[PDB]
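Presented as structure tokens, the chain that follows is alone, the form deposited in one PDB entry.
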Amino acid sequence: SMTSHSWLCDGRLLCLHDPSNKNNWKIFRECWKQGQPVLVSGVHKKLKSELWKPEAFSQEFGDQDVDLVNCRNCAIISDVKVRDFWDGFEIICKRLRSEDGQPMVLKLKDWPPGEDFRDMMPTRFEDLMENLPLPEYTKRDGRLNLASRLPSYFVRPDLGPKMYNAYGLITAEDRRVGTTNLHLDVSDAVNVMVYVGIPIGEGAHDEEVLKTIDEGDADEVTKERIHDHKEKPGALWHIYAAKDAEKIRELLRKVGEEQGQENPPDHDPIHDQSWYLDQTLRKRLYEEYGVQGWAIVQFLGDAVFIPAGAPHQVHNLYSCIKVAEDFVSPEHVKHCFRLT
């Protein structure tokens, strides 16, 4: 039967089932006040699906200049055309190649650039903002969004949304690599998976995707969404409570030292955005520091709510289009305050 919600991560993660249910706030707010992330499924069904395809982005915007990142070695590919990224999104034999002759795993950097999303893509902007879940929190003028209401004593988020476009990681070696490394944001955010691209030509790597989710520490209820409902999995997240950020810094300082980095004892390895916590680092965090995280698989249409100050990392399983909006909830406004 249709139900209001369910639990993931063995009861530690709320999953809301209907993105436009006017009563969601009653379940949401209790979980949110405790510093937990929240998942809302089904947002894809509310969107105009023709607006969120890689072929449309290539056709409409393909002549713009951009930089890309090689996810495997963090190298920048400077001043290429945006079509060079999009035309390889699903067709592997069209991807830019590394010196070694392999197709590259690429991320499109800062596109649309800065705050231009609304000006460049006015129809996409309308379609996203009108269909965000928890609208009193997430809309620019929502009754519980303080972004437009705070003085300069608080860091205000840039006008959004922001897009995250990147290929899926492929090999066993790629399992230890991040699409986006561990970092934190001083505002809350909602991140929506608007498109998942399962490739062709080398499209058959369905079994390395299961070993990544399994080793990623994903829960048994999550593994059932694949095998039983045939939903398309985009990305594996790890999120940590804001209260655990300093223990995470202590671990990454210890590991930097062991790997012979030379860092001052105050340096911030989370702000550096230089680490991805692989299965080894996540076990060590748990055992040596007492810190447990939320391992989340974001499927097509899943909205991930990320609390202000919560460290998080993302590993694309397949090619993804994500769109995120920043907001400032009253629950987490401490995280953006400039004093004490």
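By rigid core we mean the largest C-alpha set that fits within 1.5 Å across both forms. All residue numbers refer to positions in the sequence shown, first residue = 1.
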When the other structures are laid on this one by the rigid core, do the CA atoms of 106-114 or of 225-233 sit farther away in 9 other deposited structures of this protein? 225-233
Mean B factor on CA atoms, stretches 119-127 and 243-251, record says higher is 119-127
Stretch with the higher entry mean CA B-factor, where the candidates are 66-74 and 290-298: 66-74
Highest recorded C-alpha temperature factor, please, choosing from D87, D185, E136, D100. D100
Sort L236, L106, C93, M193 by C-alpha B-factor from the entry and give me just the highest. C93
Using only modelled residues of the chain, where does the Cα B factor of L159 rank: lowest third, middle third or highest third? highest
Pull the Cα B-factor of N165 out of the PDB entry and bin it into the chain's lowest, middle or highest third. lowest
By the recorded C-alpha temperature factor, relative to the other modelled residues in its chain, which third is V333 in? lowest
Assert third(CA B-factor, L150) within chain per record equals middle
Among the modelled residues of this chain, does the Cα B factor of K46 put it in the lowest, middle or highest third? middle
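As for the form solved in complex with a small molecule, it is not shown, yet the points below apply to it.
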Of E257, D141, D206, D266, the only residue with a heavy atom within 4.5 Å of the small molecule in the bound PDB entry is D206
Please pick, from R83, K232, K247, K109, the one residue with any non-hydrogen atom lying within 4.5 angstroms of the small molecule in the bound PDB entry. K232
Is there a heavy atom of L146 no more than 4.5 Å from a heavy atom of the small molecule in the bound PDB entry? no
Heavy atom to heavy atom, is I91 within 4.5 Å of the small molecule in the bound PDB entry? no
For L210, is any heavy atom within 4.5 Å of the small molecule in the bound PDB entry, or not? yes
Report whether the minimum heavy atom distance between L159 and the small molecule in the bound PDB entry is within 4.5 Å. no
If contact means any heavy atom within 4.5 Å, which of 115-123, 129-137, 169-177, 223-231 contacts the small molecule in the bound PDB entry? 223-231
